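Novice: Sharing a structure with you now.
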Amino acid sequence: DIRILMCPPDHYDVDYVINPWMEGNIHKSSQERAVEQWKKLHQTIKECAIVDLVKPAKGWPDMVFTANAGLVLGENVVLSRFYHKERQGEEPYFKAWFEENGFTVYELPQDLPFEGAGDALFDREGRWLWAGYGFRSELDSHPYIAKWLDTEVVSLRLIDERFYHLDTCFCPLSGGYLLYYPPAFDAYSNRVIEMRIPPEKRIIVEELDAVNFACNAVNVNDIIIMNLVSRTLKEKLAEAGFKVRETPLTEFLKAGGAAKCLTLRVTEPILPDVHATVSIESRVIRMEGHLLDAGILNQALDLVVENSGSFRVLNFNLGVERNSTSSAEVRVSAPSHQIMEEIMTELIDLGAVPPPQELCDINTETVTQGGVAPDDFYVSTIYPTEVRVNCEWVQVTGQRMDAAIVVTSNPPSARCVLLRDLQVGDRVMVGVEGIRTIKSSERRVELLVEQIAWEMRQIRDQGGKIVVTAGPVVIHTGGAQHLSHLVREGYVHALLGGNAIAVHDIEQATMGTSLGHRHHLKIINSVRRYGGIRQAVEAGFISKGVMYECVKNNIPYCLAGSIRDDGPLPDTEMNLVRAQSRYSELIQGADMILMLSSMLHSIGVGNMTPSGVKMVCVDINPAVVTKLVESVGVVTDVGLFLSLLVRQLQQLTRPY
Amino acid sequence: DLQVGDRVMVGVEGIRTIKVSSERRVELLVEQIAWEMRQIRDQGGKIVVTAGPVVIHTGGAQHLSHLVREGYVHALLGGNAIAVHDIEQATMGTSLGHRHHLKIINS
C-alpha cells in the first residue's frame, strides 16, 4: 500500500518571482494544457499507487506542488515553513489535511524555514533521510526533524539557484540507488554522497538531463515516472531494474516544478534500529572586534556560508558612543563535526568563544612520527595568537603562517614550529578550542612613495629592521644606483635575493651592460675565481653596485638558489632548508619589508613574515600587487619606484 | 531635449527608489548565461546585442550569425567597422591589408 498525495490545478497561475524559473513567466501559463498534463500524470501514478487528492484554494496557485506540503514519516508530518510569504498562506490548508487524515502534525519555528519533501528525501531503503539546505531550508532546522521523526538526517548543501530544491537534483531510487546531479552540490556534500552510496549505485545525469528536471521523478518499485528522458539516461536507467514511463509537464516548469514536485508520498517506511541522531554541530561565538563600521561581520558570515555552514545573528548591542565598540553574539552551525573546525579557525582571527562556559584550554597531541604532525593539528596564521595553557593565556612566539603550534608544559610556552622541525614527543596544538588572536598601472604612485619614504625615515631613525628582497628586475630597470644609495644611507639592514640579481648587478657594475648571454658566465667565473663576492670586492674587481655596498657597509645578504641558476656564485645557497633558515634569521625583528620584483621570493618571504611588519610590494604585473592596510602594493616599474623613493627620501633627510 | 518652461526636479527632496579566467570557469559562466538566454527567448523577451569588429577578428562571425538566425538577437548596435569586416569575410574569406576594406566599401 503506497499512497501519494496530489492537488489539481483548479486555481493554478503564475504570479510570483519566488525562484529563477518564474522570472519572465508571470501569467504566461495556459491552464488547459496544465490540466491535461496534470490529469495524464495523475492517471499514470494511479496505475502504480493510491493517489489521494486535496481541494485547492483560490489565491494559492502554487498549491499544486504537494511535495512542499511537508515531510511525512509514519503518521508523523513536519509541516513546512515556507521561505517566501507567497506560499506561507497555503500552509493552513495543508496542515488542515494532515490533521484531517490522522497525522501527528509538527510545526517548525516561524523563523526556521523548511520546504518539506522538496528538500527532504528519504533513502528508499529507509536507513536515513537526505535533507538539503541553502536556499529555502535552514541547516538549523535539520536537528529538529531528526528529533521529531526519530531518523537520521544527512545534510546536503545546494549551490545552484536553478536547483534550489533537493528533489530537482536528487532522487533516491529503490535497490539502494541514487539518481543525482553532482554539480548542484558543494564539494563536501558530494564527498558525503559518495561516502554513503557505492559508485555502482550512483546514476549521474548530464547537464541536459538536469535542466529538464530529470531528477524530479517519482519512483514506485521499478517504474519511474518523470518529465523527459535522454536516450542515454533512459538506457542507463534500463540497465538498472527500473522501467521509465515519461509524461509531459512543460506547463509546470514555468514555475520550476516537475513530477516529483507535484507528488508527496504519505506512506513512508519506519525502521526501528536507526532511532534518532544527526551529525550537525552548533556553537555560539561572540565578536568584540570594533569593526562594526568597515564590515567585519560580513566577512564572518560570508566565510560561514561559503564553507557550507549556517548562521543566525542572535544579539546585536551597539555602544553608547563612538568609543564603545558594537559587539554581537552569533550561533554558527555546520553539517560535519569538524567543518566547524574550518569555520572556527577562519573565525578565530576576529573573535573568541563566549566567556561564561565555552572557554576551554587547548588540546595537544604528542608527535609519534618524526617531522609529521598528528592530523587535525591547528594551522597557524600570520596574526599574533594566544593559547590557553594551564588556565592562563600564553603568547605564541615566532608567529608564522602555515606552521604548527608546539606547546611546552612545565615552562608553559607556545611557539610556531615547522612540520619538518617537529621532534618526537612534541606537544602540537590540535582542534580549534582555546585559541584567540589580538589586534592598469598606478597613475599617481608618488603619493604612495611619499608615504613609504616618510615611514622608512621614521623606522630608520629609531633603530628598526628593514629588509629588501631583490630580483634581477631591479637591475634591468635601472635601479642599481638607487638601491645602492638606499644601502649606503642605512635604509637596508638585510638583503634577500638569489643568484641572478647578484650576477646582473656585478655585470652592470663591471661591464656596464646587464641581462649575449655569455657575459653572465664571464662574471660568474671571475667571481668564483675570487672565491666569493666579499673577496671580489676587497680585491677591487667589483667597485660599485648593490652587492658592493652590501659588503662594504657590512649588510647581511642571502642568495637562495634556483633550478635556473646558470652558475652558483660561491655565496649562493643551494640547500634550500639552510636558505629558508637564513631567511627567517635575517627577517627577524624587521619593521618593513621592501619587496622589489621577485614574485617567487615575495610569496615565500611573506609566508615567513608575521603580520605586524609593513609589506611594500612593487610590480607592474599588477596582479602580483595583490598581497593581503598593513601591507601596501604599488603598480609601477620598480626602477621608477626606487628613483622616486630616493628623491623623496632626499627631500626628507636633506635639509642641508 | 529640454524644452522651455519644463519643470525639472531639483534637489534631493521627495525622490525615492523602488529599486583572464580559465576556460573551465568560462564554460560555467557560459552555461549560466545560455540558460538565462534560453529562458528569455522562450518568452516574448527582447535580447539586444552590441557588437564590434572583434567579433569578426576572432572567428565569431559564424557564431553571431547563428545567434541571429536562431532568433536570439532582436536588435544589433554596432558601427561601420564591424559591418565592413563582416561583409569582407563573407565576400573574400578574410578580414583586415587595408586595401580589401575600401573595395568592399566601394562595392
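Following the order of the C-alpha cells, chains are lettered A, B, ..., residues in each are numbered from 1, and ligands are numbered from 1.
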Which of region 115-164 of chain A counts as helix (DSSP H, G or I) under DSSP, as a count of residues only please?
Specialist: 14
Novice: Quick one: everything within 7 Å of residue 47 (chain B), counting only C-alpha atoms, minus sequence neighbours fewer than 6 positions away in the same chain. Send it as a PDB file with N, CA, C and O atoms, in the first residue's frame.
Specialist:
```pdb
ATOM      1  N   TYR B  72      17.878  34.559 -31.370  1.00  0.00           N
ATOM      2  CA  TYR B  72      18.388  35.040 -30.092  1.00  0.00           C
ATOM      3  C   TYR B  72      18.748  36.523 -30.096  1.00  0.00           C
ATOM      4  O   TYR B  72      19.032  37.075 -29.028  1.00  0.00           O
ATOM      5  N   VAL B  73      18.753  37.176 -31.256  1.00  0.00           N
ATOM      6  CA  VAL B  73      19.159  38.574 -31.388  1.00  0.00           C
ATOM      7  C   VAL B  73      18.001  39.369 -31.975  1.00  0.00           C
ATOM      8  O   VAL B  73      17.609  39.141 -33.126  1.00  0.00           O
ATOM      9  N   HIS B  74      17.457  40.302 -31.190  1.00  0.00           N
ATOM     10  CA  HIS B  74      16.354  41.137 -31.649  1.00  0.00           C
ATOM     11  C   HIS B  74      16.775  42.527 -32.108  1.00  0.00           C
ATOM     12  O   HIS B  74      15.985  43.199 -32.782  1.00  0.00           O
TER      13      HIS B  74
END
```
Novice: Check every residue of chain B for an atom within 9 Å of chain A, counting only C-alpha atoms, and provide those that qualify as an mmCIF file with N, CA and C atoms, in the first residue's frame.
Specialist:
```cif
data_model
loop_
_atom_site.group_PDB
_atom_site.id
_atom_site.type_symbol
_atom_site.label_atom_id
_atom_site.label_comp_id
_atom_site.auth_asym_id
_atom_site.auth_seq_id
_atom_site.Cartn_x
_atom_site.Cartn_y
_atom_site.Cartn_z
ATOM 1 N N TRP B 35 21.580 29.561 -20.267
ATOM 2 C CA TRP B 35 20.287 29.237 -19.673
ATOM 3 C C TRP B 35 19.413 30.481 -19.548
ATOM 4 N N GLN B 39 15.778 31.052 -21.464
ATOM 5 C CA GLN B 39 14.572 31.450 -20.746
ATOM 6 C C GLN B 39 13.964 32.709 -21.353
ATOM 7 N N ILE B 40 14.791 33.728 -21.602
ATOM 8 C CA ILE B 40 14.257 34.983 -22.128
ATOM 9 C C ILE B 40 13.749 34.817 -23.557
ATOM 10 N N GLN B 43 10.085 33.109 -23.843
ATOM 11 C CA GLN B 43 9.003 34.065 -23.694
ATOM 12 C C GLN B 43 9.150 35.139 -24.763
ATOM 13 N N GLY B 44 8.297 36.154 -24.702
ATOM 14 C CA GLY B 44 8.404 37.248 -25.648
ATOM 15 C C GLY B 44 9.486 38.239 -25.259
ATOM 16 N N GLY B 45 10.633 37.750 -24.785
ATOM 17 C CA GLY B 45 11.664 38.626 -24.280
ATOM 18 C C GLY B 45 12.592 39.134 -25.369
#
```
Novice: Which residues, written as a PyMOL selection string, have at least one atom at most 10 Å from residue 176 (chain A), with only C-alpha atoms counted and residues fewer than 2 positions away on the same chain left out?
Specialist: chain A and resi 123-127+172-174+178+197-198+201-202
Novice: Counting only C-alpha atoms, what is within 12 Å of residue 133 (chain A), bar same-chain residues fewer than 2 positions away, as an MDAnalysis selection string?
Specialist: chainID A and resid 83 112:116 118:120 130:131 135:142 153:160 163:167 184:186 189 305 308:310 333:335
Novice: DSSP says strand (DSSP E or B) for which residues of region 7-86 of chain B? Put them as a list in words?
Specialist: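 Here are the strand (DSSP E or B) residues of region 7-86 of chain B: residues 48, 49, 50, 75, 76 and 77 of chain B.
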Novice: Could you give me, as an MDAnalysis selection string, the residues within 12 Å of region 553-555 of chain A, counting only C-alpha atoms and dropping anything in the same chain fewer than 5 positions from it?
Specialist: chainID A and resid 465:468 484:496 534 537 546:548 586
Novice: With a distance cut-off of 9 Å and only C-alpha atoms, select the neighbouring residues of residue 93 (chain A), excluding the residue or stretch itself and same-chain residues fewer than 5 positions from it, and output the selection as an MDAnalysis selection string.
Specialist: chainID A and resid 55:57 98
Novice: What does the file look like for those residues with N, CA and C atoms, as an mmCIF file, in the first residue's frame?
Specialist:
```cif
data_model
loop_
_atom_site.group_PDB
_atom_site.id
_atom_site.type_symbol
_atom_site.label_atom_id
_atom_site.label_comp_id
_atom_site.auth_asym_id
_atom_site.auth_seq_id
_atom_site.Cartn_x
_atom_site.Cartn_y
_atom_site.Cartn_z
ATOM 1 N N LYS A 55 -8.464 19.514 -2.109
ATOM 2 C CA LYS A 55 -9.075 20.628 -2.813
ATOM 3 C C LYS A 55 -8.145 21.834 -2.742
ATOM 4 N N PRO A 56 -7.826 22.466 -3.868
ATOM 5 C CA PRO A 56 -7.030 23.700 -3.826
ATOM 6 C C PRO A 56 -7.817 24.873 -3.262
ATOM 7 N N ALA A 57 -7.167 26.027 -3.141
ATOM 8 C CA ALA A 57 -7.821 27.242 -2.686
ATOM 9 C C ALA A 57 -7.552 28.361 -3.681
ATOM 10 N N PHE A 98 -3.506 17.366 6.791
ATOM 11 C CA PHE A 98 -2.717 16.463 7.625
ATOM 12 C C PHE A 98 -3.439 16.134 8.926
#
```
